[PDB]
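Here the protein sequences come in this chain order: 1u, 1h and 2t. Using the authors' numbering, the first residue of the first sequence is number 226, and each one after it goes up by one. Using the authors' numbering, the first residue of the second sequence is number 170, and each one after it goes up by one. Using the authors' numbering, the first residue of the third sequence is number 170, and each one after it goes up by one. No residue lacks a Cβ here, since even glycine has one placed at the ideal position from N, Cα and C.
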Amino acid sequence: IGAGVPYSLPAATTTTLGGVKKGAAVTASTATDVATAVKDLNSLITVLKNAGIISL
Amino acid sequence: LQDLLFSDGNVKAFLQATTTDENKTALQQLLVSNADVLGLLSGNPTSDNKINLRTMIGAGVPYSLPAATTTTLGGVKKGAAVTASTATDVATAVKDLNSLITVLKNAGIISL
Amino acid sequence: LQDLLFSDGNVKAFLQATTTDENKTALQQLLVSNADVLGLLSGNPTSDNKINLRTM
Numbered sequence: 226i227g228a229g230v231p232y233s234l235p236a237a238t239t240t241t242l243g244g245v246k247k248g249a250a251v252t253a254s255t256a257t258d259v260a261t262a263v264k265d266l267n268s269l270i271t272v273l274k275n276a277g278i279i280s281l
Numbered sequence: 170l171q172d173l174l175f176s177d178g179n180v181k182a183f184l185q186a187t188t189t190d191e192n193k194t195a196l197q198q199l200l201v202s203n204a205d206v207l208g209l210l211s212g213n214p215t216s217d218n219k220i221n222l223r224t225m226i227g228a229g230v231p232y233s234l235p236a237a238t239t240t241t242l243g244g245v246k247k248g249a250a251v252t253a254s255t256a257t258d259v260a261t262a263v264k265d266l267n268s269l270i271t272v273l274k275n276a277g278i279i280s281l
Numbered sequence: 170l171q172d173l174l175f176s177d178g179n180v181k182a183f184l185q186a187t188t189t190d191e192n193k194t195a196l197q198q199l200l201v202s203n204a205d206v207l208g209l210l211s212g213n214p215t216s217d218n219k220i221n222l223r224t225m
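Rendered as structure tokens:
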């Protein structure tokens, strides 16, 4: 009958297409020095790591 | 005696407990009125029968997860690991931002 | 002669090769015991039949 099995959405891996969770909110950067700019970049990285969008 | 008692040849084959595929098609038609179910009983439903049989039982087709596009929801691959930034100058901070961008590009999370 | 030989009216309609939808429902019941499959053979399975047919 051309039917499929019950589909379960797998988590993304480095080799295989999958779902992700949406990352937490991240504030736009108003940094005027390097230290703060780096702080803001790192906040984005952690958010993407927390949501399993990028690897640890 | 069955020949003297019954006119229908498909019924007669059933009563002899020996039916051909043609007899079976005719006997199915005496037993079931829904055309899509008759398609199923044949073992060879048409394309239309298949669609209608799935509708009949509320079944879906085999699902294949498509890649995300700019217009359509889809799956992604998970991005490679990215190190937290310890940059103390602009050059390094920019280096770290770009590393994140490439990782997201590599995983098809953002467009080239 | 079929009237003299058989009591069941749904069987008699089958033997005459002329069945109504009601005769077909009864004949299906003589042939198949699973309630969800009987739902399928009707062409109009209930919500419960549909769930059970997919499981099946």
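Counting only beta-carbon atoms, is residue i nearer than 8 angstroms to chain 1u?
i, result
"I279 (chain 1h)", "no"
"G212 (chain 1h)", "no"
"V245 (chain 1h)", "yes"
"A182 (chain 1h)", "no"
"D217 (chain 1h)", "no"
"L234 (chain 1h)", "yes"
Spell out whether any CB of chain 2t is found under 8 angstroms from the CB atom of residue i.
i, result
"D172 (chain 1h)", "no"
"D177 (chain 1h)", "yes"
"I220 (chain 1h)", "no"
"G208 (chain 1h)", "no"
"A228 (chain 1h)", "yes"
"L200 (chain 1h)", "yes"
Ends of the alpha helix (DSSP H) at residue i?
i, result
"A253 (chain 1h)", "Unbroken run through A253 (chain 1h): none, as it is neither H nor E."
"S280 (chain 1u)", "It is not in any alpha helix (DSSP H) - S280 (chain 1u) carries neither H nor E in the DSSP assignment."
"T240 (chain 1u)", "Run containing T240 (chain 1u): none; DSSP gives neither H nor E here."
"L170 (chain 2t)", "No alpha helix (DSSP H) contains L170 (chain 2t), which DSSP labels as neither H nor E."
"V259 (chain 1h)", "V259 to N275"
"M225 (chain 1h)", "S216 to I226"
So that I know if they touch, is there some Cβ in chain 1h lying closer than 8 angstroms to that of residue i?
i, result
"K193 (chain 2t)", "yes"
"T255 (chain 1u)", "no"
"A260 (chain 1u)", "yes"
"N267 (chain 1u)", "yes"
"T188 (chain 2t)", "yes"
"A250 (chain 1u)", "no"
"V263 (chain 1u)", "yes"
What does residue i pair with, by DSSP beta-bridge criteria?
i, result
"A236 (chain 1u)", "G244 (chain 1u)"
What does residue i reach in chain C if we use C-beta pairs closer than 9 angstroms?
i, result
"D205 (chain 1h)", "The chain labelled as chain C is not found among the protein chains of the depicted structure, namely 1u, 1h and 2t."
For this session: Mind listing, in chain order, the continuous beta strand (DSSP E) runs of no fewer than 3 residues lying wholly within the stretch 182-213 of chain 2t?
Result: none
Problem set entry | Given 8 angstroms, three or more beta-carbon pairs between the stretch 252-267 of chain 1h and the stretch 258-275 of chain 1u | yes
Exercise. Okay, do the stretch 203-220 of chain 1h and the stretch 214-225 of chain 2t touch, 3+ Cβ pairs below 8 angstroms being the bar?
Worked result: no
Exercise. Does the stretch 236-245 of chain 1u come close enough to the stretch 224-231 of chain 1h that 3 or more CB-CB pairs lie under 8 angstroms?
Worked result: no
Exercise. On the three-pair Cβ rule with 8 angstroms, is the stretch 178-193 of chain 1h touching the stretch 190-202 of chain 2t?
Worked result: no
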